[PDB]
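Input: a single structure, listed below in structure tokens.
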Amino acid sequence: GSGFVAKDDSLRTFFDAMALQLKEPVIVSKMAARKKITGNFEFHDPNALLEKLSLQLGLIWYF
Amino acid sequence: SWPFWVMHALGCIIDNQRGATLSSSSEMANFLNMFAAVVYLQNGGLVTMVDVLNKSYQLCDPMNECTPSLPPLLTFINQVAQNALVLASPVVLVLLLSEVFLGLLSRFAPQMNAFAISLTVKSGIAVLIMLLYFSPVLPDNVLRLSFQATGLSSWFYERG
Amino acid sequence: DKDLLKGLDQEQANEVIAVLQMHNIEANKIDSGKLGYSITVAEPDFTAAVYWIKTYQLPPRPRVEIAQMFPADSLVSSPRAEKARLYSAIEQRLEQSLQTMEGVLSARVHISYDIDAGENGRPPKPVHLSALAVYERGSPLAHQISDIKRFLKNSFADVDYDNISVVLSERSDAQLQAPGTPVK
Amino acid sequence: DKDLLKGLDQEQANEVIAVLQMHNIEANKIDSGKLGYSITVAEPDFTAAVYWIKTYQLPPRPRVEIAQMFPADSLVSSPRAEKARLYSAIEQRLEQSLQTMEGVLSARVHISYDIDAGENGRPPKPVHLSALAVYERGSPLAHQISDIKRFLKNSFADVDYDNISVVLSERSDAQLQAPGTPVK
Amino acid sequence: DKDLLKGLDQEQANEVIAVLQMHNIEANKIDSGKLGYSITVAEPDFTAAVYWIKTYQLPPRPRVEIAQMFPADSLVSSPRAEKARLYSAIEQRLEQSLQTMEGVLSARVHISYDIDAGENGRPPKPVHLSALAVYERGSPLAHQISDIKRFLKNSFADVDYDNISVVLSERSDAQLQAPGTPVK
Amino acid sequence: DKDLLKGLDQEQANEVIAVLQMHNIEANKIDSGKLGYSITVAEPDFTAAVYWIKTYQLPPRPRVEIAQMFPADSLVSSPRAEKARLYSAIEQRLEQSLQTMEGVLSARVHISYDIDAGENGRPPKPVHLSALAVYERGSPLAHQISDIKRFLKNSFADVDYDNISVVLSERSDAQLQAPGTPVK
Amino acid sequence: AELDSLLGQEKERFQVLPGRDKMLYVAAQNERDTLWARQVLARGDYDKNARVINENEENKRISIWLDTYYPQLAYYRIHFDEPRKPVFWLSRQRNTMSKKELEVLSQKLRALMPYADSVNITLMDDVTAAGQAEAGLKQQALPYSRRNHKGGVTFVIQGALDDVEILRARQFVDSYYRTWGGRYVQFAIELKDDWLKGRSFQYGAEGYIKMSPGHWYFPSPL
Amino acid sequence: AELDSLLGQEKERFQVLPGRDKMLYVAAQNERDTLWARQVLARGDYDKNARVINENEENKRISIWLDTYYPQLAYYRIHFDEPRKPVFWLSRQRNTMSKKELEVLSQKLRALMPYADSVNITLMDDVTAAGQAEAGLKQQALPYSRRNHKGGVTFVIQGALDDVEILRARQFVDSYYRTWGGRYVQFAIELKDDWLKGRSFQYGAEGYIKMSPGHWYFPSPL
Amino acid sequence: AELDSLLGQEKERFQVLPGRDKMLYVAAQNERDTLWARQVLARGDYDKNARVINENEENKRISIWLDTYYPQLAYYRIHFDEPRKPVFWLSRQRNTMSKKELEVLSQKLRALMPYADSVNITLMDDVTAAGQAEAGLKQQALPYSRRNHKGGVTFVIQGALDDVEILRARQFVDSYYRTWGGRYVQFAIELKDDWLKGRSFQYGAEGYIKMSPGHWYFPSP
């Protein structure tokens, strides 16, 4: 029913698409804006998807 | 400075064939060099002149020791030389065929001193034959020989 | 037995005979060998035949192409004279390739020529095409306009579907019966 | 009795015979030595025969290729004069390679010509194609339109499936019986 | 004995006889020495034979290669006119090495040519191939694409299996019986 | 006895006879001096032989090598025009050197040509090879694919074991018995 | 000689019908054979009267009489599968003619075709004429839009269609027109440039809303 | 001058059937043998009457009559594997015909085909025409999309198929059309590239395409 | 003269059979000898009628006849190892024909092949047909993926197979198709390239491919 289809994005275009399923805006830094991603994702449980991606990609986040 | 160098080399050949330079053993070659400077400067010009040094910082950032990539540098002199000779092709052929055509008349009349007549007739021929292809043929090779930014990768490489 | 046109040739005489036979007057084609063809009509048909010559503006001139004004036998050739010779050969090749579709008897295609953009810093403009066509009758020619625009669209670099205009029409009624000789 | 064409070529004569025999008029092909062939018809069929000459624009012109207008005898050869001769041999080799498929009788291929993109700093545009074909009847010609798209796809540098437009049709009804002689 | 074509050579005459014999009409190949060959059919067969000439576009033209547009007898040759003569001999060698597989009778292979890379400093793009084939019937022609794609893959610098396309087909039905003379 | 082909040489006539004898029709090889050879078949065996000439594209063309496009007698030879002859002589020497193995009757090798990786500053790409072979029957032709790879791996600078593709097969059944004349 | 021997070799593509007004009608089947028989009658090797008829053009000939003497008539098509007893497909839900009024039309249509003996008038339904057109437009998986109004329907196919969706649509329209004819339902195939093949939405505050079918289309950047 | 000697040497590809209305019929098998027999009858070395029939031509000839006199009929295909007793494959769950008026159809088809001695009418099931088309389409491992609607189904095969899956999907459709006909189930194979060719998008009920890292497009909900 | 002398010198590769419809059938063994036998009968040096039959062509003619008069039939192949008494391989777990209606099929099949005297119908099992294809496919050490569904199974072979596996696969598939045929089990060879050549990746449940030091690719599950 939902989901993003990423084709070589830049982690600032990507995490703003998750800023609707998360009810808050996302602010990504400029050193963490160089990494890229591809793939078919699905935003059905984003508070566990952001936690799993922040450990596979290597990131720290604070709300 | 590629297309200005071949154009200034063009005018030196046309100056040298007609006489007028034999005091060694130039203004005409300055004229083509100014002309190809202006016709390069009109359409675009400084936008591609600045773009190649904006790309040079994208492919030769310092603290990386990039070099001008020696093994394609060694064909640089003949690269402008084969552009010089084929651009000076049609007018030296008419001047040369006119000289031996006069020489057969010197063989048909011995005390003509056809060397003196050669200076009088070649300066009219060397401007007349190049007037036929000065307008429609010269200025497009000027835009063709302008070095463009896409080939900047082939002339450099960073060392670590 | 009154001649009205002499010194014609092969392709012009078959158009003059086909025009005069449509309007109920006979014609005789008399060959003269080296001097070309000649056309005579009857004496009661001469006053009407001169009128149909003046209205249709006969004999027809030979058709002009753009590559005739820029011949390849010149010693030098500008880039304007090289793109005009390229476009005037594509304009005839699409015309000869449209006559092999199903039902089209004749066609004519036109391409938009561009001169000023190739020399200055201005970008090249869009490309416009225009076509005419004559279809065999009995065809539902409202559904035939989409195959021509689909064929003509990506036969070029960058055109759109609203820069092409096709105007086509069915052929006229056939003429099969003889005109008839003037009896007196 | 009366002649209507003379001085035709060989391939120009068989096309006039093949068009007139379709419309129930019988013609005769006569050789004249070095002056080519000639085509005659009977007396009552002459009025209709000039009508089919005018409608079908007979005799056919020789077909034009783009490499004819950029001859190789010139000692100078611009890069606009080398890419046009390179494209004009690919769109003839792909056309001759399309006739060896299963059930294709004729074909015609067009390529988008790009000549003024390499001289400046502009990037080259994508390349577009278009094709026509005439299939032998009895063929399901809706499923063979994707094999020509698959063959034409990776025969070039990088095209998409939007840039290829192939439109094809089945052949007409076969003509096998004789026309018949006009008695009076 | 109405003459259809005259002045044809050896390879042009065998395709006309191979086409006419498929449609139940026979011909005669009469030699004329310096004037080539000549092909005659009967009088009831003449109306059908001129129809199958127009439909199959007979006589066949000689096949075109890209190395013919750029002859090797020129004085100087550009780098654009040297890789086109290299790729035109490679694509002629790959279809002669495909006829020595088992089952194959004919094949045609096409390569994508580089144009902008001759004058620019841009890196070249990937090279695309495309092939056609005719297989002797009864062969499991579904599993025969994986051997040709493996052979064609590493015969160049770097291709991938999404850029090679093979379109192959089985041969036609055998023609082994005589047409039959028209008695009247 | 109607003649099929004439003017063929020695190597072509022994290929046309070797194909027609496979399909149960006779053939005669008639010499003509400096005008080459000729081939005649019988009248009931004429319709089949025209079909097999058209199908197998006979007579065969001479085999093309890349060294024929770059002749040695030119006055100036580019570095681009010298690596093509150097690759086209190793490509023939490994082909003549594969026939000395145990069981091989024919073979063909293809090297990946690079001429454009020389003038630039980019490193040269890896080199790929591709070979075909025909073995006599009764051999385990799946186990003999590993020593053609072992022989071809280190005949160049640096290839991998997956940049070489060998596609080989066993020969067809032997044709030893005569065709037999038509009885009348 | 006779007329049916002055034609071609096969007496299978033509049909010679006797007329009531002492004429001889030749019933062809297509346009190419119509000029085949008209060239014979045009050069004049036949001493009697004759005419060449066809299904497409004698359906247009007796529609000029019909919209002069019977305006506001609801009809579809005239079928000539048996050319001595043609069938006149009339509409059922839009006529008020009784049995006595249909018989004068049946005789005055007999008088227009002198070769025919009796014209059989039958009535078809108006909902199976649009149901077969909608089921055929849906079997090809074609993007379309239906516009119902009083006295006829229309189907509109717009968009940047590809090359398969033109051949499958054009193969269906010419096969539907032979059965029914373009009097009631009309197709409107047209090519413009938008990858949304016909449909168009607007976006605000809840999701997407489907706008009404209109003539203006948004040109597509893609 | 008999007819069976006028054809080729092998007397196994043609078959001559005597009609009841004085006309011989040569039944060919494909278009090449149909042109082999039409050249014989066209040059005219046979003084009596004869016609050449086929299966694809005769199946399109007697569907024009069936689309005029018996409309809204659900049928599949007419088979001529024995040319004296053809088989009419009528549908079972889509018609409302009784036992009596099916003999009227079996007599108006016998009088319409003169070579046939009798026509046999078999009622074929309707769910077995789509279950064999789905089971054959599943063995080739092809991606498809079935669209069920009233009176016909449609299998849509799109995407970027490779070279072996086009030949394997072309060998199955032509083997299915030979036995079931293209009247009920329609195959739509369409070759098109990746839609939204390189763009990232956020699909489903609130959609936007990203033309650039800083550009949003709001078309129809992707 | 009689027919068996008009063929070649080797009087072992052809086998003539007298027909029931007053004909004479020649039974070739492949397509190289069928055109050899059909050239003789085509040029016309024989007075009476004769035909040339084959193993695979006759196996398609009575399957074109069978899908008109006997639809929804489950079979594999009809075997012609001795051409006067052929063997018909019928399926067992997919049909409900009794003994009384198996003799109508064996008597209506006899009238289609006039050279044969009787047809011997045997009912083969259905699980051994797919068990011999799996055990023969495991012996070649090939990666595969079996897909079972109702009324046929299929095997899909994918990957960047090398040259010994695309020769052992053709040598196994062409040896299996000669026996059973493609009615029940169908193989699907498709070869693609490997996306992981110079790439580092994590495999298992949370699998991803690092296409660059700063570029992750999470594929579809």
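Naming scheme: A, B, ... for chains in displayed order of the structure tokens; residues 1 onward per chain; ligands 1 onward as shown.
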
Non-local contacts of residue F:129 (6 Å; only C-alpha atoms; under 5 positions in same chain excluded) as a list in words: residues 155 of chain E; 110, 111 and 164 of chain F

- prompt: Can you tell me, as number ranges by chain, what residues are no more than 10 Å from residue D:179 when counting only C-alpha atoms, ignoring any on the same chain fewer than 3 positions away?
  reply: D: 20-27, 175-176, 182; E: 47; G: 7-9, 36, 40

How would the residues just picked look written out with N, CA and C atoms as a PDB file, in the first residue's frame?
ATOM      1  N   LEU D  20      -0.883  -1.792 -64.452  1.00  0.00           N
ATOM      2  CA  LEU D  20      -1.982  -1.820 -65.414  1.00  0.00           C
ATOM      3  C   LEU D  20      -2.674  -3.171 -65.456  1.00  0.00           C
ATOM      4  N   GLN D  21      -1.955  -4.265 -65.217  1.00  0.00           N
ATOM      5  CA  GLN D  21      -2.631  -5.555 -65.216  1.00  0.00           C
ATOM      6  C   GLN D  21      -3.538  -5.735 -64.007  1.00  0.00           C
ATOM      7  N   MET D  22      -3.337  -4.953 -62.952  1.00  0.00           N
ATOM      8  CA  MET D  22      -4.235  -5.004 -61.807  1.00  0.00           C
ATOM      9  C   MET D  22      -5.599  -4.401 -62.124  1.00  0.00           C
ATOM     10  N   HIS D  23      -5.668  -3.444 -63.042  1.00  0.00           N
ATOM     11  CA  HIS D  23      -6.915  -2.753 -63.347  1.00  0.00           C
ATOM     12  C   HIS D  23      -7.523  -3.186 -64.677  1.00  0.00           C
ATOM     13  N   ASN D  24      -7.280  -4.438 -65.079  1.00  0.00           N
ATOM     14  CA  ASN D  24      -7.998  -5.107 -66.174  1.00  0.00           C
ATOM     15  C   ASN D  24      -7.772  -4.429 -67.521  1.00  0.00           C
ATOM     16  N   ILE D  25      -6.556  -3.954 -67.758  1.00  0.00           N
ATOM     17  CA  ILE D  25      -6.152  -3.515 -69.085  1.00  0.00           C
ATOM     18  C   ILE D  25      -4.839  -4.198 -69.427  1.00  0.00           C
ATOM     19  N   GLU D  26      -4.729  -4.658 -70.664  1.00  0.00           N
ATOM     20  CA  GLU D  26      -3.617  -5.486 -71.098  1.00  0.00           C
ATOM     21  C   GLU D  26      -2.642  -4.653 -71.914  1.00  0.00           C
ATOM     22  N   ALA D  27      -1.370  -4.698 -71.540  1.00  0.00           N
ATOM     23  CA  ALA D  27      -0.329  -3.937 -72.210  1.00  0.00           C
ATOM     24  C   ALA D  27       0.722  -4.867 -72.798  1.00  0.00           C
ATOM     25  N   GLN D 175      -3.025 -11.416 -57.720  1.00  0.00           N
ATOM     26  CA  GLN D 175      -3.507 -11.353 -59.094  1.00  0.00           C
ATOM     27  C   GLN D 175      -2.923 -12.498 -59.902  1.00  0.00           C
ATOM     28  N   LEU D 176      -3.790 -13.396 -60.363  1.00  0.00           N
ATOM     29  CA  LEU D 176      -3.324 -14.602 -61.029  1.00  0.00           C
ATOM     30  C   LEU D 176      -3.972 -14.808 -62.394  1.00  0.00           C
ATOM     31  N   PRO D 182      -9.894  -6.822 -75.380  1.00  0.00           N
ATOM     32  CA  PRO D 182     -11.060  -6.009 -75.749  1.00  0.00           C
ATOM     33  C   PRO D 182     -11.582  -6.268 -77.154  1.00  0.00           C
TER      34      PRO D 182
ATOM     35  N   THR E  47       1.267 -13.206 -66.569  1.00  0.00           N
ATOM     36  CA  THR E  47       0.547 -12.283 -65.698  1.00  0.00           C
ATOM     37  C   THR E  47       0.862 -12.544 -64.233  1.00  0.00           C
TER      38      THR E  47
ATOM     39  N   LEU G   7     -16.278 -11.787 -68.123  1.00  0.00           N
ATOM     40  CA  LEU G   7     -15.460 -11.488 -66.961  1.00  0.00           C
ATOM     41  C   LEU G   7     -14.272 -12.429 -66.909  1.00  0.00           C
ATOM     42  N   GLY G   8     -13.620 -12.492 -65.759  1.00  0.00           N
ATOM     43  CA  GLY G   8     -12.374 -13.205 -65.607  1.00  0.00           C
ATOM     44  C   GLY G   8     -12.519 -14.718 -65.696  1.00  0.00           C
ATOM     45  N   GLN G   9     -11.440 -15.384 -65.293  1.00  0.00           N
ATOM     46  CA  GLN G   9     -11.344 -16.829 -65.444  1.00  0.00           C
ATOM     47  C   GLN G   9     -12.257 -17.566 -64.470  1.00  0.00           C
ATOM     48  N   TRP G  36     -12.725  -3.743 -61.629  1.00  0.00           N
ATOM     49  CA  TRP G  36     -12.461  -4.830 -62.563  1.00  0.00           C
ATOM     50  C   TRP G  36     -13.684  -5.069 -63.426  1.00  0.00           C
ATOM     51  N   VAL G  40     -14.671  -3.377 -67.811  1.00  0.00           N
ATOM     52  CA  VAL G  40     -15.268  -4.176 -68.871  1.00  0.00           C
ATOM     53  C   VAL G  40     -16.504  -3.472 -69.393  1.00  0.00           C
TER      54      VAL G  40
END

message: For a quick check: superposing chain G on chain H using all C-alpha atoms in order, what RMSD comes out?
response: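 The RMSD between chain G and chain H over C-alpha atoms is 5.7 Å.
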
- request: Please provide the set of residues having any atom within 9 Å of residue E:126, restricted to only C-alpha atoms, with same-chain residues fewer than 6 positions apart removed, written as a list in words.
  value: residues 157 and 158 of chain D; 112, 157, 158, 159 and 163 of chain E

task: Would you list, as a ChimeraX atom specification, the residues of chain A that end up in helix (DSSP H, G or I) under DSSP run on this structure's backbone?
output: /A:13-17,46-57

- request: Excluding stretch 140-147 of chain H and residues on its chain fewer than 5 positions from it, collect all residues at most 7 Å away from it, counting only C-alpha atoms, and give them as a PyMOL selection string.
  value: chain H and resi 153-157

- prompt: Leaving out residue B:64 and any residue of its chain fewer than 2 positions from it, which residues lie within 12 Å of it when counting only C-alpha atoms, given as a list in words?
  reply: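 Final neighbour list, sorted by chain and number: residues 57, 58, 59, 60, 61, 62, 66, 67, 156, 157, 158, 159 and 160 of chain B.
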
Residues just named, written with N, CA, C and O atoms as a PDB file, in the first residue's frame:
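Written file, again.pdb:
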ATOM      1  N   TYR B  57      40.017  21.512 -11.641  1.00  0.00           N
ATOM      2  CA  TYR B  57      39.978  21.338 -10.201  1.00  0.00           C
ATOM      3  C   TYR B  57      39.127  20.144  -9.795  1.00  0.00           C
ATOM      4  O   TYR B  57      39.262  19.656  -8.669  1.00  0.00           O
ATOM      5  N   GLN B  58      38.248  19.670 -10.682  1.00  0.00           N
ATOM      6  CA  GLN B  58      37.451  18.482 -10.409  1.00  0.00           C
ATOM      7  C   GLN B  58      38.208  17.197 -10.687  1.00  0.00           C
ATOM      8  O   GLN B  58      37.788  16.133 -10.224  1.00  0.00           O
ATOM      9  N   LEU B  59      39.306  17.274 -11.432  1.00  0.00           N
ATOM     10  CA  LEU B  59      40.090  16.079 -11.748  1.00  0.00           C
ATOM     11  C   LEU B  59      41.562  16.161 -11.351  1.00  0.00           C
ATOM     12  O   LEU B  59      42.269  15.157 -11.476  1.00  0.00           O
ATOM     13  N   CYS B  60      42.043  17.317 -10.897  1.00  0.00           N
ATOM     14  CA  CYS B  60      43.402  17.540 -10.405  1.00  0.00           C
ATOM     15  C   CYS B  60      43.418  18.367  -9.121  1.00  0.00           C
ATOM     16  O   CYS B  60      44.057  19.410  -9.034  1.00  0.00           O
ATOM     17  N   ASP B  61      42.703  17.899  -8.113  1.00  0.00           N
ATOM     18  CA  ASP B  61      42.727  18.569  -6.826  1.00  0.00           C
ATOM     19  C   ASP B  61      44.098  18.347  -6.194  1.00  0.00           C
ATOM     20  O   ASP B  61      44.629  17.239  -6.255  1.00  0.00           O
ATOM     21  N   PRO B  62      44.729  19.402  -5.628  1.00  0.00           N
ATOM     22  CA  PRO B  62      46.044  19.219  -5.003  1.00  0.00           C
ATOM     23  C   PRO B  62      46.026  18.349  -3.759  1.00  0.00           C
ATOM     24  O   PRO B  62      44.968  17.868  -3.339  1.00  0.00           O
ATOM     25  N   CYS B  66      48.759  15.452  -9.279  1.00  0.00           N
ATOM     26  CA  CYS B  66      48.442  15.058 -10.640  1.00  0.00           C
ATOM     27  C   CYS B  66      49.475  15.654 -11.578  1.00  0.00           C
ATOM     28  O   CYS B  66      50.086  16.685 -11.293  1.00  0.00           O
ATOM     29  N   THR B  67      49.676  14.983 -12.695  1.00  0.00           N
ATOM     30  CA  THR B  67      50.719  15.285 -13.657  1.00  0.00           C
ATOM     31  C   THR B  67      50.086  15.417 -15.030  1.00  0.00           C
ATOM     32  O   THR B  67      48.970  14.938 -15.249  1.00  0.00           O
ATOM     33  N   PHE B 156      45.359  14.019 -18.098  1.00  0.00           N
ATOM     34  CA  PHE B 156      45.822  14.096 -16.717  1.00  0.00           C
ATOM     35  C   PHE B 156      45.477  12.818 -15.973  1.00  0.00           C
ATOM     36  O   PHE B 156      44.640  12.026 -16.412  1.00  0.00           O
ATOM     37  N   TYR B 157      46.143  12.636 -14.833  1.00  0.00           N
ATOM     38  CA  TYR B 157      45.835  11.567 -13.894  1.00  0.00           C
ATOM     39  C   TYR B 157      46.455  11.911 -12.550  1.00  0.00           C
ATOM     40  O   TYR B 157      47.556  12.453 -12.494  1.00  0.00           O
ATOM     41  N   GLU B 158      45.741  11.601 -11.478  1.00  0.00           N
ATOM     42  CA  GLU B 158      46.247  11.858 -10.141  1.00  0.00           C
ATOM     43  C   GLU B 158      47.122  10.699  -9.682  1.00  0.00           C
ATOM     44  O   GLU B 158      46.863   9.538 -10.003  1.00  0.00           O
ATOM     45  N   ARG B 159      48.160  11.020  -8.922  1.00  0.00           N
ATOM     46  CA  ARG B 159      49.050  10.010  -8.364  1.00  0.00           C
ATOM     47  C   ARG B 159      48.766   9.885  -6.873  1.00  0.00           C
ATOM     48  O   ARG B 159      49.406  10.538  -6.050  1.00  0.00           O
ATOM     49  N   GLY B 160      47.811   9.033  -6.527  1.00  0.00           N
ATOM     50  CA  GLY B 160      47.510   8.762  -5.133  1.00  0.00           C
ATOM     51  C   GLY B 160      46.782   9.875  -4.409  1.00  0.00           C
ATOM     52  O   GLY B 160      46.833   9.966  -3.183  1.00  0.00           O
TER      53      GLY B 160
END

task: Could you please select, counting only C-alpha atoms, the residues of chain I within 9 Å of chain F and state them as a list in words?
output: residues 6, 7, 8, 9, 10, 32, 33, 35, 36, 37, 39, 40, 43, 44, 45, 162, 163, 164, 167 and 168 of chain I

Kindly save the residues from that selection, with N, CA, C and O atoms included, as an mmCIF file, in the first residue's frame.
data_model
loop_
_atom_site.group_PDB
_atom_site.id
_atom_site.type_symbol
_atom_site.label_atom_id
_atom_site.label_comp_id
_atom_site.auth_asym_id
_atom_site.auth_seq_id
_atom_site.Cartn_x
_atom_site.Cartn_y
_atom_site.Cartn_z
ATOM 1 N N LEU I 6 15.335 -49.025 -55.302
ATOM 2 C CA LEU I 6 15.534 -47.676 -55.815
ATOM 3 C C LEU I 6 16.218 -46.754 -54.819
ATOM 4 O O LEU I 6 16.642 -45.660 -55.203
ATOM 5 N N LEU I 7 16.345 -47.163 -53.563
ATOM 6 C CA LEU I 7 17.083 -46.394 -52.571
ATOM 7 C C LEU I 7 18.572 -46.696 -52.702
ATOM 8 O O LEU I 7 19.026 -47.284 -53.686
ATOM 9 N N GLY I 8 19.357 -46.303 -51.705
ATOM 10 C CA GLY I 8 20.800 -46.404 -51.788
ATOM 11 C C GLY I 8 21.338 -47.826 -51.734
ATOM 12 O O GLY I 8 20.611 -48.820 -51.720
ATOM 13 N N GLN I 9 22.669 -47.908 -51.728
ATOM 14 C CA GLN I 9 23.333 -49.204 -51.698
ATOM 15 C C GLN I 9 23.187 -49.877 -50.340
ATOM 16 O O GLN I 9 23.010 -51.098 -50.262
ATOM 17 N N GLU I 10 23.247 -49.101 -49.262
ATOM 18 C CA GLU I 10 23.076 -49.639 -47.914
ATOM 19 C C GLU I 10 21.605 -49.971 -47.710
ATOM 20 O O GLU I 10 20.784 -49.088 -47.462
ATOM 21 N N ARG I 32 18.047 -36.326 -41.967
ATOM 22 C CA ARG I 32 19.018 -36.399 -43.045
ATOM 23 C C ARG I 32 18.647 -37.486 -44.036
ATOM 24 O O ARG I 32 18.941 -37.360 -45.228
ATOM 25 N N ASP I 33 18.009 -38.551 -43.568
ATOM 26 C CA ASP I 33 17.551 -39.597 -44.464
ATOM 27 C C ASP I 33 16.112 -39.418 -44.922
ATOM 28 O O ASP I 33 15.722 -40.051 -45.913
ATOM 29 N N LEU I 35 14.914 -36.578 -46.256
ATOM 30 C CA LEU I 35 15.004 -35.888 -47.534
ATOM 31 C C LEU I 35 15.662 -36.747 -48.595
ATOM 32 O O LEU I 35 15.334 -36.605 -49.780
ATOM 33 N N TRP I 36 16.420 -37.755 -48.170
ATOM 34 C CA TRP I 36 16.981 -38.719 -49.103
ATOM 35 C C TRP I 36 15.880 -39.598 -49.659
ATOM 36 O O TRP I 36 15.849 -39.886 -50.858
ATOM 37 N N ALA I 37 14.977 -40.049 -48.798
ATOM 38 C CA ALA I 37 13.913 -40.896 -49.302
ATOM 39 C C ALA I 37 12.849 -40.087 -50.031
ATOM 40 O O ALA I 37 12.244 -40.596 -50.978
ATOM 41 N N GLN I 39 13.374 -37.438 -51.910
ATOM 42 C CA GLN I 39 13.799 -37.008 -53.235
ATOM 43 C C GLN I 39 13.490 -38.063 -54.283
ATOM 44 O O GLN I 39 13.127 -37.721 -55.420
ATOM 45 N N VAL I 40 13.547 -39.337 -53.890
ATOM 46 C CA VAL I 40 13.244 -40.423 -54.811
ATOM 47 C C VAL I 40 11.771 -40.389 -55.182
ATOM 48 O O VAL I 40 11.410 -40.405 -56.363
ATOM 49 N N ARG I 43 10.973 -37.005 -57.366
ATOM 50 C CA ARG I 43 11.325 -36.866 -58.775
ATOM 51 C C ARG I 43 10.483 -37.770 -59.659
ATOM 52 O O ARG I 43 10.396 -37.529 -60.865
ATOM 53 N N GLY I 44 9.879 -38.805 -59.095
ATOM 54 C CA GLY I 44 8.866 -39.563 -59.782
ATOM 55 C C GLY I 44 9.313 -40.822 -60.476
ATOM 56 O O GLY I 44 8.688 -41.211 -61.468
ATOM 57 N N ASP I 45 10.362 -41.478 -59.995
ATOM 58 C CA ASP I 45 10.753 -42.759 -60.574
ATOM 59 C C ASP I 45 10.125 -43.925 -59.817
ATOM 60 O O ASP I 45 10.800 -44.862 -59.400
ATOM 61 N N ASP I 162 28.980 -21.935 -16.362
ATOM 62 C CA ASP I 162 30.141 -21.991 -17.226
ATOM 63 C C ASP I 162 29.947 -22.965 -18.389
ATOM 64 O O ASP I 162 28.871 -23.549 -18.598
ATOM 65 N N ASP I 163 31.043 -23.196 -19.116
ATOM 66 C CA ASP I 163 30.963 -23.855 -20.408
ATOM 67 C C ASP I 163 30.802 -25.354 -20.284
ATOM 68 O O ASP I 163 30.382 -25.998 -21.247
ATOM 69 N N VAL I 164 31.109 -25.928 -19.127
ATOM 70 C CA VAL I 164 30.944 -27.360 -19.001
ATOM 71 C C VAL I 164 29.519 -27.647 -18.568
ATOM 72 O O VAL I 164 28.969 -28.703 -18.917
ATOM 73 N N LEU I 167 27.127 -27.468 -21.559
ATOM 74 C CA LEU I 167 27.232 -28.592 -22.470
ATOM 75 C C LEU I 167 26.713 -29.878 -21.851
ATOM 76 O O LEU I 167 26.051 -30.664 -22.540
ATOM 77 N N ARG I 168 26.847 -30.025 -20.533
ATOM 78 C CA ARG I 168 26.183 -31.126 -19.861
ATOM 79 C C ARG I 168 24.688 -30.897 -19.720
ATOM 80 O O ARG I 168 23.927 -31.877 -19.724
#

field: Residues within 10 Å of stretch 142-157 of chain I, only C-alpha atoms, excluding chain neighbours under 4 positions, as a PyMOL selection string
entry: (chain H and resi 132+135-136+138-141) or (chain I and resi 74+94+130+133-134+137-138+161+165-166+168-169+182-191)

Excluding residue E:2 and residues on its chain fewer than 6 positions from it, collect all residues at most 7 Å away from it, counting only C-alpha atoms, and give them as a compact mmCIF listing (two decimals) with N, CA, C and O atoms, in the first residue's frame.
# COMPACT_ATOMS: atom_id res chain seq x y z
N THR E 40 12.73 -16.39 -69.39
CA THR E 40 11.47 -16.38 -70.11
C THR E 40 10.49 -17.33 -69.44
O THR E 40 10.88 -18.38 -68.92
N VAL E 41 9.22 -16.94 -69.48
CA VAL E 41 8.11 -17.75 -69.00
C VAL E 41 7.08 -17.84 -70.12
O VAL E 41 7.23 -17.23 -71.17
N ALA E 42 6.03 -18.62 -69.88
CA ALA E 42 5.01 -18.80 -70.89
C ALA E 42 4.03 -17.62 -70.89
O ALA E 42 4.05 -16.74 -70.02
N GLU E 43 3.05 -17.71 -71.78
CA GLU E 43 2.04 -16.67 -71.92
C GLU E 43 0.98 -16.73 -70.81
O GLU E 43 0.67 -15.68 -70.26
